[PDB]
Amino acid sequence: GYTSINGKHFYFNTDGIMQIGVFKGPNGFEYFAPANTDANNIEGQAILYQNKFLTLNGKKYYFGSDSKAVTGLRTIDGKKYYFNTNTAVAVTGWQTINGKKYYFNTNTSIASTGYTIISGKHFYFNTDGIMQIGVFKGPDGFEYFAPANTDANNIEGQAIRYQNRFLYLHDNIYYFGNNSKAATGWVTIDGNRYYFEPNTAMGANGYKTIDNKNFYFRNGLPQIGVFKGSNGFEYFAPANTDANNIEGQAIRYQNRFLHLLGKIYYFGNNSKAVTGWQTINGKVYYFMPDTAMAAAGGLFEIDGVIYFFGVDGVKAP
């Protein structure tokens, strides 16, 4: 093979016959440049191919900074290239590399990415080209790209007909319609108005504001209780409670109590629930920092010292 004899570059095949072109070595594939090419080089010698682009009667490859034959998955000038990593020809198509199933276009040798329809089956890939298991956006909506053998069992990475049922994956919550596609926005599913991230079908969790109105969701659904906000603790009430709001819609609620489901709170003028020791009506209350829920029903340890409260939360001294 790459056997230098008398200060040259002698390459021989399996039976040992001279070779002409670009052949493999301890450094890599090098061009046996004719005479002359660089610094008066001999015939069939390899020396310098510094930072250019090579072609050999059909095959091609890109060269990098170190003058040596660079190979692998690349992204030069915003352009991705993948020429045979350890050979002169080309390797594309599915390639399970270290657990990750990458795919490479058989035409342009570029790591196909995003919602791509391969062989009549549309998979999904991130910007790194890695196979992204999960629920991602398509021209027709969000398709669940499930593991191997699922719905009328399939292959790992192929969307499946996932109809009229919720997806838990895992903390993430979704819901698919009849069209097998995920739901987005405000969706009454079995009587219950949900809301799904238009950007990721993610059933919304946490504090939210939509069309000038605040809601505190959890698992797609707006929640009913006193939860924290951008301005502190607000009451996210049922529909109709005040100014005919909708369920779990924060509401103006100033200077007054509310008994909500075996918990109790105080709201002030601003319409936020209070926190820490507080004397209302000449009755001492302590409402938890992180809950606003009054301490009641009994013994509570507060700042290292324990207090007994009544069912109504008033500290019995």
# chains A, B, ... in the order shown; residues from 1 in each chain; ligands from 1
>>> residues_around(residues="residue A:16", least_positions_apart="5", cutoff="12 Å", atoms="only C-alpha atoms", output="VMD selection string")
chain A and resid 1 to 3 10 to 11
>>> residues_around(residues="residue A:90", least_positions_apart="4", cutoff="9 Å", atoms="only C-alpha atoms", output="list in words")
residues 59, 60, 61, 82, 83, 84, 85 and 109 of chain A
>>> residues_around(residues="residue A:253", least_positions_apart="3", cutoff="12 Å", atoms="only C-alpha atoms", output="ChimeraX atom specification")
/A:226,233-237,241-243,249-250,256-258,265-273
>>> write_last_selection(atoms="N, CA and C atoms", output="short mmCIF file (atom, residue, chain, number, x, y, z; two decimals), in the first residue's frame")
data_model
loop_
_atom_site.label_atom_id
_atom_site.label_comp_id
_atom_site.auth_asym_id
_atom_site.auth_seq_id
_atom_site.Cartn_x
_atom_site.Cartn_y
_atom_site.Cartn_z
N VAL A 226 -55.46 30.00 44.80
CA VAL A 226 -54.63 31.19 44.92
C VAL A 226 -53.14 30.91 44.67
N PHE A 233 -49.65 36.91 44.96
CA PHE A 233 -50.72 35.91 44.99
C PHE A 233 -52.05 36.46 44.51
N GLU A 234 -52.54 35.86 43.44
CA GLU A 234 -53.80 36.26 42.89
C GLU A 234 -54.75 35.08 42.95
N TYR A 235 -56.04 35.39 43.06
CA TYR A 235 -57.10 34.41 43.08
C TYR A 235 -57.56 34.09 41.65
N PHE A 236 -57.39 32.84 41.24
CA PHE A 236 -57.78 32.41 39.90
C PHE A 236 -59.11 31.69 39.97
N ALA A 237 -60.20 32.45 39.90
CA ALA A 237 -61.51 31.99 40.33
C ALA A 237 -62.30 31.23 39.29
N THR A 241 -67.52 34.35 39.02
CA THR A 241 -67.30 34.82 40.39
C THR A 241 -67.31 36.35 40.45
N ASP A 242 -66.54 36.97 39.56
CA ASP A 242 -66.43 38.42 39.53
C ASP A 242 -66.31 38.89 38.09
N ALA A 243 -67.14 39.85 37.71
CA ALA A 243 -67.15 40.40 36.35
C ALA A 243 -67.26 39.29 35.33
N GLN A 249 -59.52 32.17 35.98
CA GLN A 249 -59.13 33.51 35.54
C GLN A 249 -58.91 34.40 36.73
N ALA A 250 -57.68 34.86 36.93
CA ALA A 250 -57.40 35.78 38.02
C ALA A 250 -58.51 36.83 38.12
N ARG A 256 -60.61 41.20 51.65
CA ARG A 256 -61.64 40.26 52.08
C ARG A 256 -61.15 38.81 52.13
N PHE A 257 -61.88 37.98 52.86
CA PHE A 257 -61.48 36.60 53.04
C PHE A 257 -61.90 35.79 51.85
N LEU A 258 -61.49 34.53 51.86
CA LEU A 258 -62.18 33.52 51.09
C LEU A 258 -61.82 32.10 51.55
N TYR A 265 -57.87 32.29 53.08
CA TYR A 265 -56.95 33.37 52.68
C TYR A 265 -57.49 34.74 53.04
N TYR A 266 -56.57 35.71 53.05
CA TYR A 266 -56.95 37.11 53.09
C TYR A 266 -56.47 37.89 51.85
N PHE A 267 -57.38 38.63 51.22
CA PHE A 267 -56.97 39.53 50.13
C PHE A 267 -57.07 41.01 50.50
N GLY A 268 -56.07 41.78 50.10
CA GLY A 268 -56.02 43.20 50.35
C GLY A 268 -56.52 44.07 49.20
N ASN A 269 -56.53 45.39 49.41
CA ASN A 269 -57.01 46.33 48.38
C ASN A 269 -56.48 45.96 46.98
N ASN A 270 -55.15 45.86 46.86
CA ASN A 270 -54.51 45.53 45.58
C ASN A 270 -55.12 44.30 44.95
N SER A 271 -55.76 43.49 45.79
CA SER A 271 -56.39 42.22 45.41
C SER A 271 -55.40 41.05 45.40
N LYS A 272 -54.36 41.14 46.25
CA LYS A 272 -53.43 40.02 46.48
C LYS A 272 -53.58 39.42 47.88
N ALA A 273 -53.37 38.11 47.97
CA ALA A 273 -53.41 37.38 49.23
C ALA A 273 -52.20 37.71 50.08
#
>>> residues_around(residues="residue A:132", least_positions_apart="4", cutoff="9 Å", atoms="only C-alpha atoms", output="list in words")
residues 114, 123, 124, 125, 126, 136, 145 and 157 of chain A
>>> atom_distance(atom1="atom CA of residue A:87", atom2="atom CA of residue A:27")
12.6 Å
>>> residues_around(residues="residue A:100", least_positions_apart="4", cutoff="10 Å", atoms="only C-alpha atoms", output="ChimeraX atom specification")
/A:95-96,129-132
>>> closest_residue(among="A:141, A:7, A:289, A:298", to="residue A:181", atoms="only C-alpha atoms")
A:141
>>> select_by_dssp(residues="stretch 38-84 of chain A", states="strand (DSSP E or B)", output="list in words")
residues 45, 53, 54, 55, 56, 57, 59, 60, 61, 62, 72, 73, 76, 79, 82 and 83 of chain A
>>> closest_residue(among="A:214, A:219, A:291, A:113", to="residue A:246", atoms="only C-alpha atoms")
A:214
>>> closest_residue(among="A:308, A:193, A:179, A:201", to="residue A:222", atoms="only C-alpha atoms")
A:193
>>> residues_around(residues="residue A:180", least_positions_apart="5", cutoff="9 Å", atoms="only C-alpha atoms", output="PyMOL selection string")
chain A and resi 142-144+160-164
>>> write_last_selection(atoms="N, CA, C and O atoms", output="PDB file, in the first residue's frame")
ATOM      1  N   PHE A 142     -48.665  18.733  14.596  1.00  0.00           N
ATOM      2  CA  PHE A 142     -47.762  17.959  15.438  1.00  0.00           C
ATOM      3  C   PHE A 142     -48.042  16.459  15.354  1.00  0.00           C
ATOM      4  O   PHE A 142     -49.145  15.997  15.642  1.00  0.00           O
ATOM      5  N   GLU A 143     -47.026  15.708  14.950  1.00  0.00           N
ATOM      6  CA  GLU A 143     -47.139  14.262  14.865  1.00  0.00           C
ATOM      7  C   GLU A 143     -46.268  13.631  15.944  1.00  0.00           C
ATOM      8  O   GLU A 143     -45.133  14.051  16.166  1.00  0.00           O
ATOM      9  N   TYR A 144     -46.821  12.638  16.626  1.00  0.00           N
ATOM     10  CA  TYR A 144     -46.087  11.872  17.618  1.00  0.00           C
ATOM     11  C   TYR A 144     -45.134  10.893  16.938  1.00  0.00           C
ATOM     12  O   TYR A 144     -45.563   9.891  16.378  1.00  0.00           O
ATOM     13  N   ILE A 160     -47.136   7.890  14.308  1.00  0.00           N
ATOM     14  CA  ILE A 160     -48.168   6.859  14.355  1.00  0.00           C
ATOM     15  C   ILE A 160     -49.561   7.466  14.438  1.00  0.00           C
ATOM     16  O   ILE A 160     -49.738   8.570  14.961  1.00  0.00           O
ATOM     17  N   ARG A 161     -50.551   6.744  13.929  1.00  0.00           N
ATOM     18  CA  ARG A 161     -51.928   7.175  14.083  1.00  0.00           C
ATOM     19  C   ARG A 161     -52.310   7.183  15.566  1.00  0.00           C
ATOM     20  O   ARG A 161     -52.686   6.156  16.140  1.00  0.00           O
ATOM     21  N   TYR A 162     -52.205   8.349  16.191  1.00  0.00           N
ATOM     22  CA  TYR A 162     -52.516   8.469  17.608  1.00  0.00           C
ATOM     23  C   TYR A 162     -53.768   9.327  17.774  1.00  0.00           C
ATOM     24  O   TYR A 162     -53.698  10.552  17.742  1.00  0.00           O
ATOM     25  N   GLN A 163     -54.911   8.675  17.947  1.00  0.00           N
ATOM     26  CA  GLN A 163     -56.193   9.356  17.816  1.00  0.00           C
ATOM     27  C   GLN A 163     -57.016   9.444  19.092  1.00  0.00           C
ATOM     28  O   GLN A 163     -57.040   8.524  19.909  1.00  0.00           O
ATOM     29  N   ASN A 164     -57.675  10.587  19.251  1.00  0.00           N
ATOM     30  CA  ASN A 164     -58.670  10.781  20.298  1.00  0.00           C
ATOM     31  C   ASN A 164     -58.209  10.378  21.693  1.00  0.00           C
ATOM     32  O   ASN A 164     -59.005   9.897  22.500  1.00  0.00           O
TER      33      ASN A 164
END
>>> residues_around(residues="residue A:210", least_positions_apart="2", cutoff="12 Å", atoms="only C-alpha atoms", output="list in words")
residues 185, 186, 195, 196, 197, 198, 204, 207, 208, 212, 213, 214, 215, 216, 217, 222, 249 and 250 of chain A
>>> write_last_selection(atoms="N, CA, C and O atoms", output="mmCIF file, in the first residue's frame")
data_model
loop_
_atom_site.group_PDB
_atom_site.id
_atom_site.type_symbol
_atom_site.label_atom_id
_atom_site.label_comp_id
_atom_site.auth_asym_id
_atom_site.auth_seq_id
_atom_site.Cartn_x
_atom_site.Cartn_y
_atom_site.Cartn_z
ATOM 1 N N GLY A 185 -53.794 25.551 21.378
ATOM 2 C CA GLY A 185 -54.733 26.564 21.824
ATOM 3 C C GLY A 185 -55.795 26.014 22.754
ATOM 4 O O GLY A 185 -55.560 25.035 23.452
ATOM 5 N N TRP A 186 -56.964 26.654 22.753
ATOM 6 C CA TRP A 186 -58.053 26.358 23.693
ATOM 7 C C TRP A 186 -58.980 25.272 23.210
ATOM 8 O O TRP A 186 -59.691 25.474 22.230
ATOM 9 N N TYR A 195 -55.649 24.246 27.386
ATOM 10 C CA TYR A 195 -54.932 25.153 26.504
ATOM 11 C C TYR A 195 -53.559 24.589 26.138
ATOM 12 O O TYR A 195 -52.769 24.216 27.017
ATOM 13 N N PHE A 196 -53.283 24.527 24.834
ATOM 14 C CA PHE A 196 -52.046 23.907 24.360
ATOM 15 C C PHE A 196 -51.100 24.819 23.588
ATOM 16 O O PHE A 196 -51.452 25.379 22.541
ATOM 17 N N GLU A 197 -49.880 24.914 24.106
ATOM 18 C CA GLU A 197 -48.825 25.707 23.493
ATOM 19 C C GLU A 197 -48.789 25.603 21.975
ATOM 20 O O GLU A 197 -48.393 24.575 21.425
ATOM 21 N N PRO A 198 -49.175 26.699 21.300
ATOM 22 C CA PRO A 198 -49.203 26.784 19.839
ATOM 23 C C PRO A 198 -47.829 26.519 19.257
ATOM 24 O O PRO A 198 -47.720 26.196 18.074
ATOM 25 N N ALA A 204 -50.067 23.613 28.687
ATOM 26 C CA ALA A 204 -49.370 24.636 29.487
ATOM 27 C C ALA A 204 -49.344 24.344 30.985
ATOM 28 O O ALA A 204 -50.344 23.938 31.565
ATOM 29 N N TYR A 207 -47.922 29.761 35.473
ATOM 30 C CA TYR A 207 -48.601 31.043 35.300
ATOM 31 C C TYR A 207 -48.664 31.436 33.834
ATOM 32 O O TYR A 207 -47.658 31.369 33.131
ATOM 33 N N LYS A 208 -49.841 31.862 33.384
ATOM 34 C CA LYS A 208 -50.014 32.298 32.001
ATOM 35 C C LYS A 208 -50.960 33.487 31.835
ATOM 36 O O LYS A 208 -51.806 33.748 32.694
ATOM 37 N N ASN A 212 -54.961 39.371 27.291
ATOM 38 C CA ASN A 212 -55.084 40.272 28.425
ATOM 39 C C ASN A 212 -55.615 39.623 29.710
ATOM 40 O O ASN A 212 -56.058 40.324 30.621
ATOM 41 N N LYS A 213 -55.582 38.298 29.797
ATOM 42 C CA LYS A 213 -56.152 37.622 30.964
ATOM 43 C C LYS A 213 -55.245 36.549 31.556
ATOM 44 O O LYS A 213 -54.711 35.707 30.846
ATOM 45 N N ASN A 214 -55.096 36.586 32.877
ATOM 46 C CA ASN A 214 -54.217 35.665 33.584
ATOM 47 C C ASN A 214 -54.882 34.363 33.999
ATOM 48 O O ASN A 214 -56.021 34.352 34.458
ATOM 49 N N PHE A 215 -54.141 33.275 33.837
ATOM 50 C CA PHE A 215 -54.561 31.955 34.265
ATOM 51 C C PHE A 215 -53.334 31.233 34.763
ATOM 52 O O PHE A 215 -52.219 31.499 34.320
ATOM 53 N N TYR A 216 -53.543 30.304 35.679
ATOM 54 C CA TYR A 216 -52.454 29.512 36.205
ATOM 55 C C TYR A 216 -52.723 28.065 35.828
ATOM 56 O O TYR A 216 -53.551 27.405 36.461
ATOM 57 N N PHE A 217 -52.045 27.565 34.796
ATOM 58 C CA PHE A 217 -52.321 26.206 34.325
ATOM 59 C C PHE A 217 -51.485 25.190 35.045
ATOM 60 O O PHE A 217 -50.538 25.527 35.760
ATOM 61 N N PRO A 222 -56.275 25.238 33.069
ATOM 62 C CA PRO A 222 -56.176 26.311 34.071
ATOM 63 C C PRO A 222 -56.597 25.815 35.450
ATOM 64 O O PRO A 222 -57.586 25.092 35.556
ATOM 65 N N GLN A 249 -59.523 32.169 35.981
ATOM 66 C CA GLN A 249 -59.134 33.507 35.537
ATOM 67 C C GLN A 249 -58.914 34.401 36.733
ATOM 68 O O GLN A 249 -59.847 34.659 37.488
ATOM 69 N N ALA A 250 -57.684 34.864 36.929
ATOM 70 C CA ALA A 250 -57.405 35.784 38.025
ATOM 71 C C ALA A 250 -58.510 36.826 38.115
ATOM 72 O O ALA A 250 -59.087 37.197 37.096
#
>>> closest_residue(among="A:305, A:177, A:63, A:148", to="residue A:81", atoms="only C-alpha atoms")
A:63
>>> atom_distance(atom1="atom CA of residue A:51", atom2="atom CA of residue A:67")
5.6 Å
